[PDB]
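Trainee: Input: one structure, supplied below.
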Amino acid sequence: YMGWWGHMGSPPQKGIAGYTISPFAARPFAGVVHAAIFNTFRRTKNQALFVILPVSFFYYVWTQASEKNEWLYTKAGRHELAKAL
Amino acid sequence: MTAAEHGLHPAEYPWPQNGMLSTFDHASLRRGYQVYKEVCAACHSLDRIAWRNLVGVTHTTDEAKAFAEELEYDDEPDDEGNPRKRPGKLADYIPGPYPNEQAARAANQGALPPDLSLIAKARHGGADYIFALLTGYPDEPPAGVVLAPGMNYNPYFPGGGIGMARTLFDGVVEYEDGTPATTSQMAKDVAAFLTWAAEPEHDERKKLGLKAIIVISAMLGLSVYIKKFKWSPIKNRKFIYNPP
Amino acid sequence: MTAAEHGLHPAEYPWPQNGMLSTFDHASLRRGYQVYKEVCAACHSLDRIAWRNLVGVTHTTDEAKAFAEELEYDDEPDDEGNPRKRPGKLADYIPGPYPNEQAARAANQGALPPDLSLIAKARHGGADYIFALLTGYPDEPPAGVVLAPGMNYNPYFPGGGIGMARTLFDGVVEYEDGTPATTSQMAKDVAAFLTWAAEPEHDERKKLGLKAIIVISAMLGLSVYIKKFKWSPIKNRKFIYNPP
Amino acid sequence: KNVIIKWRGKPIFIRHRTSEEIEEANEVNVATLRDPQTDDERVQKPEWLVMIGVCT
Amino acid sequence: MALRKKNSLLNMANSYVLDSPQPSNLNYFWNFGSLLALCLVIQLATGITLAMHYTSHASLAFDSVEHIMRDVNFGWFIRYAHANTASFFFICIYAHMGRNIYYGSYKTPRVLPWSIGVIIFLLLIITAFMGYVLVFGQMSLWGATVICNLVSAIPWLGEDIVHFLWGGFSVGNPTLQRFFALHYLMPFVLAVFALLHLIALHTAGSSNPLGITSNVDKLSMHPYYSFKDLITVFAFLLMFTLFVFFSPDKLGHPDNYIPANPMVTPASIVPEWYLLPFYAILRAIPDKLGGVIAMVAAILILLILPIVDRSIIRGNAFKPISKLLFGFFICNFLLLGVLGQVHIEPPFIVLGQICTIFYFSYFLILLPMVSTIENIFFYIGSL
Amino acid sequence: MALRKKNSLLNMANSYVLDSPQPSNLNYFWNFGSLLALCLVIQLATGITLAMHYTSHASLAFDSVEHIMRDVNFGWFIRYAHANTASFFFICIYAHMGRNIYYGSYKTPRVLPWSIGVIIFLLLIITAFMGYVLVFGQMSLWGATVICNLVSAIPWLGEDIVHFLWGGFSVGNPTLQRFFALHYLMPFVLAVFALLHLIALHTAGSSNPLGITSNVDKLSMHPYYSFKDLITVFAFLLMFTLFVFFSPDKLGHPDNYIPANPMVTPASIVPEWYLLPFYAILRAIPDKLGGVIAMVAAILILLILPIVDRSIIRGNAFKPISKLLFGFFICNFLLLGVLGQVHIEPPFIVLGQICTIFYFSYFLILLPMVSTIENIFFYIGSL
Ligand code: HEC
Ligand code: HEC
Ligand code: HEM
Ligand code: HEM
Ligand code: HEM
Ligand code: HEM
Ligand SMILES: CCCCCCCCCCC1=C(C)C(=O)C(OC)=C(OC)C1=O
């Protein structure tokens, strides 16, 4: 499924002109400030829920479990611990 | 588990060596050796430390040779193959108070005092645990605690009943530098010294790490510039498509 | 080098174990242990041999346990951490006559009697060298030989002057099987026993080798048939060339 | 007498040389010596030949 | 013809590191493969060095490690480098596997590099387990005891196999000396399999974050990915530096600075953090043999991802529901990790069981369902 | 298409061991390559096994080898197998190199496999040297001392390098533990180079005893050379059996059953038999540095065979004078071997010098002269 240079396995290409400039002719950090602020904000905003929802759920579950476990091994939690075992 | 089974967690004390750029205070190390020597060494060995280790950390070559030469160590047998003793040398290890575990336990109502060479690394808490433990014997155990025979109450020790009694009291040591030897001061010094004993590379390690951080950071910055420079023809590429 | 510097080369004696298919004579091994025990063990250790090693080679489990139980070995310290002795067990090693090299040399006018566990493999000649050496002390050194102090002339030993005197004389041992204990007989038995001590796998090794030889030979024969079978179309190939 | 002291795994030969031994050593003309040296260069005390007893 | 192409040896290097045609759009998650190669090189250099100063005999092992820390020049560095890089190796390998699962790297035509990858992961676990025993501190000994006793659950022959592995009736000197020899060997086996998975990959080439073919638009591996790999190498070295020089023991257990004592049992015997999720899965099943099977199955089930993923599209970039399920799967795997080191107490016992069910149901139910439905949504949605 | 050809991994195996096209007329001297592969496999299996029971610490090393002989089940076998196979490895490697020199295997287009081969030979020497030290008997120690002191001859830095290699001021525990680690590693390096020389060879294929092209008449490696290799495998195993089971110590030195003693020097320190010719060449030159250069040059001069052989024909099958010169060269190499273990006494001192001159003059004078003249005789003789 992959060839090599000269016969990579692409369907025939025609009609695309590609252009670029030398690394010495270009400013490598052109538009860096705009990218760092606006591009990163856009990219992050669009992925935020896919991190926030599972992390917040599993953190809440852990928090509840760890707090109950702590409470069961206090004096106050003696009776509830006795039932749990 | 109950908090008692875990032990009380020690406070985070501001040790001089806390801090990315901070060494040990070597004056405190020297004082802590003197606490080890005059209090702890009765029951605890420091077997991984040789006399040469003190030199240029806490003591001069001469002071450490003097400490070594006061002791007797096993020599190679004489010409008739009879056992012999010699005076200690800088290469010798600091000798422990007991010949074996059985003797150690017999002197300590069954408990075995651990060797202290690694104790700062072998306990959660490090220096803070050692300081908390030594200074955390309450006058009276909390009402309701039943101590096993030969046990002392100390909340920092897991379970609460430790076979080591309180040993540091104001003025059990007379420091040679004139520092007031309070319980707190001695505990701080000895905790520092034991932390040094567990990790004697500490000072050099952190300074080499400063050099590493600086070089590696510079190389990270330059690697970003170079990557962006080399990638700019790919990032800047533009296309015109005219469908055939 | 001079022949004297090399030592006289020992004769090749017909040992029972010489022979691809031959084991040790275990009756000779047993007798040789008794020579070791009553003559050599005064000066020479056998530190690589445990009591369990004798069992089912020279002695029964009970005889070997009896030998072990007559000795005292260092136990683990008691409850006050004081040293203790215990009777020997089959797992114990046969104990040597001296505590260290210095004691050994002091008892032997400076010479150190080697451990005998590997001596049959550690000397050119093996059993033949041990037999030749023990039986090759002339009554008088060849005229002109100057022996160093504490040396005895023995031509098999390189240089000629050995620090071990003759030790085997007719009837120094009384064999338990009624065999006449001549110098020659005792030297043969002890040389056999020491050869066993150096290579105790000897008997099993040679029998497994017999099985290997047979299987590997059969496989060699069959591999020749199979190769010839598979190659015959290539070997038998014929050509007709008609130049185009 | 010549002693053999282990020092860094290498043997050290220490000979307590007699008067006449020192004399015997001080005879050889330095000229005819693969490694030209007199005993005075070697020892700091004529009565204590201390050498690393490994052959060169 | 250029020498790099003409000469067969040079050409093999050339095909992997210079002319290798790569997609032009690999993101930074494609950089873990070279970080894993870096960890492997660090572990070989430091490991071979430690072997020059370590003694495998149980009477001397723990002290030889103290000798390394105290007397060997830069021994502390070599030891902490080796110990911390073992953790970094697992961070990189989880990242690399996570990348592979999110971007569908396991799908045809890359089933073979993925399947060999699963074995590389098992070899890493065994390598790291054996290396940890070598210290012969309390965690070393007690960890070896409990993990090697899981083999006793193999029916009929299990006990015999354990005694065979130990070379005796408990973990002792024979076990330590054999673990040294195998720990030395296993990294070489691992490097061979790492090479095999790359050779297998080279038939399709790297996948890319869009999940489409890159045959239309290739970039040479050098200089583009060479210089992009340097950025993460320096990021890695900065993290390495912060642990090795400033916090060398943060990832370890203090009990491993106590010499192994077969009599005293430590308060809590837990695996190294990177094995913790598998330990939680084992605890979830009450049966001994059940638990061992579940623990192994948790790794071998990765082999069925090529089957259970029914999607007509490779990877999650454009699949919002698959992305949410992936998020939950990853967070659950971290919860399992946390539950691996809590005490066997309420309510963590039941929670561990729920998390274990979720772990397996991802492969067996959810991914097949979600991938089926998204196929239908792409088709109906774009009509 | 057949799976063995289609799948890239299988195809690599296929290209070496099954479909590999071989000349149809390789004789039995082409079987040493597979015997060398067999020795390498035996040494890896036995060596890794010994490492499970050996202790590298100088206080325990010699005794751990006695423990192997006495207590480990089949330890005697594994130890003697490992020790004797080290000798068989050198018999096979000398045979293989002799084959290569007689049949012109070093000529174009096979300069690269030959040159890598010369390095494989140096790696074998270092591997075997370090392994011998590990026993820590008298020959182990004194051999290490004398051979490592040759490095002192390097000007200016030589002494410092020796102390660096030893990790101290004499051969001791640091030296033994580092030799263990490197002895474990070196066989893996050696296996990589063995693989590299084969890949390099695969561009031209095997040469053959006639020295002509075999492109006209090829035979698959399997089944023909597979089954032909079995015959010599069984011949080798019979020789192995006779040594390992019936005469396990014939090739060794009794002094290596005495524990290392830095004080007492053994009567005679000689190398293992397979190093003896190089030792004789070293003794021939009076200067220390001269002798070391000569000894190294004796191996590196193999690299110039492609240049100094001026023949228009590959190999000696049809060259009666070259065959006689080859016969003298080989017998001289065995004489050097014998002189390596005689005492430094008359008249062996001068004989060793003459044999050393003959050794070098083969490469530098005789082969260039004889190969030039035979070129002319073939041309004039067949006019
Ligand atoms: C005369 C006896 C004695 C003296 C003095 C003594 N100890 Fe101990 N120590 C013990 C015994 C016994 C134990 C073991 C307690 C147990 O395990 O129950 C112990 C335990 C410890 C522990 C480990 C507790 C743990 O977590 O396992 C530390 C740390 C310690 N000692 C430090 C010191 C320091 C620092 C000093 C003095 C400056 C000191 N000790 C003086 C007897 C002593
Ligand atoms: C009372 C002393 C003594 C007795 C009895 C004794 N030996 Fe020795 N033996 C020595 C001494 C001393 C040496 C060392 C001689 C030397 O190196 O100069 C030695 C050396 C040897 C050697 C090695 C010679 C060599 O090549 O290095 C063998 C073998 C040997 N003895 C065997 C025996 C056997 C077998 C017996 C008795 C059955 C025996 N010995 C009895 C004192 C003794
Ligand atoms: C020592 C461990 C490993 C090393 C050194 C390693 C190295 C690499 C490298 C250099 C690549 C190509 C670049 C990249 O995509 O990052 C790669 C690709 C890959 N690896 Fe790994 N890897 C290792 C372990 C694993 C494991 C454990 C798996 C699977 C469970 C795996 C599966 C893959 C897959 C499927 C790819 C192709 C991904 C793609 O490009 O789409 N590897 N690996
Ligand atoms: C994938 C490669 C490797 C991994 C993941 C790995 C992992 C480990 C781990 C986790 C330890 C325990 C470290 C500690 O806490 O002190 C360790 C110890 C050790 N490893 Fe490795 N290792 C690897 C390669 C090697 C190699 C190639 C060697 C070569 C011998 C080696 C030799 C050692 C030695 C001697 C120790 C014990 C000394 C010590 O604890 O530092 N390792 N290894
Ligand atoms: C080309 C491969 C090898 C060669 C030529 C080789 C050679 C040797 C030699 C000559 C000895 C001295 C044997 C003796 O007289 O007792 C030896 C010992 C040893 N070798 Fe190797 N060896 C090789 C591979 C290995 C490997 C891969 C290991 C893995 C660790 C290893 C481990 C050992 C050990 C532990 C010893 C010392 C125990 C003993 O003497 O038997 N060897 N080797
Ligand atoms: C571990 C050591 C080695 C192994 C396992 C090995 C293995 C092999 C094998 C399997 C072959 C192809 C079959 C054959 O011709 O016998 C071969 C060919 C060759 N080897 Fe080696 N070899 C080793 C060492 C050496 C050395 C030291 C040299 C050179 C100094 C060398 C030079 C060659 C050459 C030139 C060929 C091609 C010969 C021809 O077919 O004409 N090898 N080797
Ligand atoms: C010993 C075997 C280890 C195998 C890994 C060594 C190769 C070094 C990593 C280079 C690399 C490869 C090959 C690669 O294919 C690739 O493209 C996907 C990368 O960068 C994005 C890489 O970084």
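The header says electron microscopy, 2.5 Å.
Cβ coordinates are placed from backbone N, Cα and C, and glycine is handled just like the others.
Sequence annotations record features per position, and here Swiss-Prot assigns heme b b562 binding site to F:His82, F:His183. Here Swiss-Prot flags F:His96, F:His197 as heme b b566 binding site, drawing on sequence analysis. Per Swiss-Prot, ubiquinone binding site is recorded for F:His202, and the stated evidence type is similarity to another entry. What Swiss-Prot lists as transmembrane segment is F:32-52, F:76-98, F:113-133, F:179-199, F:225-245, F:289-309, F:321-341, F:348-368.
Give me the structural setting of these features: burial, nearby parts and distances.
Mentor: Annotation note: F:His82 (heme b b562 binding site) sits in a helical segment as assigned by DSSP. Taking Cβ-Cβ distances under 8 Å and a sequence separation of 6 or more, the neighbours of F:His82 (heme b b562 binding site) in its chain are F:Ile42, F:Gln43, F:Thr46, F:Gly47, F:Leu50.
The Cβ neighbour count for F:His197 (heme b b566 binding site), using a 10 Å radius and every protein chain shown, is 21. DSSP assigns F:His197 (heme b b566 binding site) to a helix.
Long-range Cβ proximity for F:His202 (ubiquinone binding site), meaning a same-chain Cβ under 8 A and a gap of 6 or more residues, is found for F:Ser15, F:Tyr16, F:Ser20. Under DSSP, F:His202 (ubiquinone binding site) is assigned to coil, being neither helix nor strand in the three-state scheme.
Same-chain residues lying 6 or more positions outside the transmembrane segment (F:179-199) and placing a CB less than 8 Å from one of its CB atoms are 16, 36-37, 40, 43-44, 47, 51, 54, 56, 112-113, 116-117, 119-120, 123-124, 126-127, 130-131, 133-134, 144.
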Trainee: How long is the line from the C-alpha of F:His96 (heme b b566 binding site) to the C-alpha of F:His183 (heme b b562 binding site), rounded to the nearest angstrom?
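Mentor: Just about 23 Å between their Cα atoms.
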Trainee: Rounded to the nearest Å, what's the C-alpha distance separating F:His183 (heme b b562 binding site) and F:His197 (heme b b566 binding site)? Just drop the number here, would you?
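Mentor: Here the two Cα atoms are 22 Å apart.
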Trainee: Let me check the 10 A CB neighbour count of F:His183 (heme b b562 binding site). How many other CB atoms are there?
Mentor: 21
Trainee: Suppose I define contact as three or more CB-CB distances under 8 A, residues 6 or more apart in sequence; do the transmembrane segment (F:76-98) and the transmembrane segment (F:348-368) meet it?
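Mentor: No, the stretches stay apart by this measure.
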Trainee: Given the binding-site residues F:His82, F:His96, F:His197, F:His202, return the subset with CB under 6 A from an atom of ligand 5, ordered by sequence, or none if empty.
Mentor: F:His82
Trainee: For the transmembrane segment (F:113-133) and the transmembrane segment (F:321-341), decide whether they are in contact, meaning at least 3 CB pairs lie under 8 A, counting pairs 6 or more apart in sequence.
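Mentor: In this chain the transmembrane segment (F:113-133) does not contact the transmembrane segment (F:321-341) - fewer than 3 Cβ pairs sit under 8 Å.
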Trainee: Can you filter F:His82, F:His96, F:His183, F:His197 (the binding-site residues) down to those whose Cβ is less than 8 Å from some Cβ in chain E?
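Mentor: The answer is none, since no candidate qualifies.
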Trainee: What parts of the chain pack near the transmembrane segment (F:321-341), using Cβ distances under 8 Å and only residues at least 6 beyond its ends?
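Mentor: For the transmembrane segment (F:321-341), the nonlocal Cβ contacts are 98, 101-102, 270-271, 273, 275-281, 283, 311, 348, 351-352, 355-356, 358-359, 362, 366-367, 370-371, 373-374.
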